[PDB]
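Participant: so I've got this experimental structure, pasted below with the sequence.
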Amino acid sequence: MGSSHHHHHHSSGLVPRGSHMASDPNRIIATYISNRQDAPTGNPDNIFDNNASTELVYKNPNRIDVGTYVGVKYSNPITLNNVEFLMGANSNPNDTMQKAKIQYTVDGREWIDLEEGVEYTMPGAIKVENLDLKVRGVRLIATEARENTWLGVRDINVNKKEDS
C-alpha cells in the first residue's frame, strides 16, 4: 500500500502498468452516426464495409431543424488521411442537408468544422483530401436542416485504399 508518501497517482489508484501492448490489431471500426434516431433502410454495409452496393437512408423523423447530420464514428483516435461520404438521396436527389459543411470529432467527444462552407444540401459524393490528421469518427454538421426530409446514403468510407 505504498511505503513512502504519494497520495496515489492523481486520483485513481491501482497499477495500470500500461496499455498492455501485445497483439496490435491496427484496425479501426466505423459505426454509422446520425442526428436522426432511425434504422438503416436496408444495409449500411456501404459504410461499414465500403462497397456501395447496399442501400442506406435515414428518415424515421420526417422533420428536423438544425442538428440534422450523419457520417460514421470510429473506435478510437487514429491517424486519418482523408474521409469521403459518398451519399446523395434516398428517392429524390433533392433529399439531403439544407446547408452546411462536414464535421469530425478529435477526442471522440466534440465535433468541429471539417470542409469549407459548402452547402452539402446538394452533395452527390462527398470526398476530401490532404486531410492527413488524426481524428475520431467522422460526420457532417447541419446549420439549418429542412422539414419533411430524409437522408439518402450510398456509401461512406475513411482511407478507402488511400492511407495518405
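Facilitator: Perfect, I can see it now. Numbering: from 1, shown residues only.
Participant: drop to CA atoms for contacts and neighbour counts, all remaining ones
Facilitator: OK.
Participant: distance-wise, check residue 8 relative to residue 16.
Facilitator: In this view, residue 8 and residue 16 are 12 Å apart by Cα to Cα, to the nearest Å.
Participant: neighbour-wise, which of those two wins?
Facilitator: residue 8 (11 against 8; other Cα atoms under 10 Å).
Participant: would you map the helices across this structure?
Facilitator: For the chain, applying DSSP state H gives helices covering 45-48.
Participant: where along it do the strands fall?
Facilitator: In the chain, the strands defined using DSSP state E lie at 56-58, 71-72, 78-80, 83-86, 100-105, 111-113, 133-142, 151-153, 155-158.
Participant: can you pull the contacts of residue 128?
Facilitator: Taking Cα atoms under 8 Å, 6 or more residues apart in numbering, we find residue 128 in contact with 82-84, 115.
Participant: now with 6 Å, please.
Facilitator: 82-84 (Cα atoms under 6 Å, 6 or more residues apart in numbering).
Participant: please apply the same query to residue 113.
Facilitator: residue 103.
Participant: if we go to 10 Å?
Facilitator: The neighbours of residue 113, taking Cα atoms under 10 Å, 6 or more residues apart in numbering as the test, are 100-105, 139-141.
Participant: rewinding a little: can you redo the strands of the chain as a markdown table with distance to residue 23?
Facilitator: Putting those into a markdown table (distance: least, Cα to Cα, whole Å) gives the following:
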| stretch | distance to residue 23 |
| --- | --- |
| strand 56-58 | 34 |
| strand 71-72 | 26 |
| strand 78-80 | 17 |
| strand 83-86 | 27 |
| strand 100-105 | 27 |
| strand 111-113 | 31 |
| strand 133-142 | 21 |
| strand 151-153 | 35 |
| strand 155-158 | 23 |
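Participant: what's the closest of these to residue 164?
Facilitator: Among the strands of the chain, strand 78-80 comes nearest to residue 164, with 8.1 Å by Cα to Cα.
Participant: what strands line up against that closest one, and which way round?
Facilitator: Here strand 78-80 is paired, per DSSP bridges, with strand 133-142 (antiparallel).
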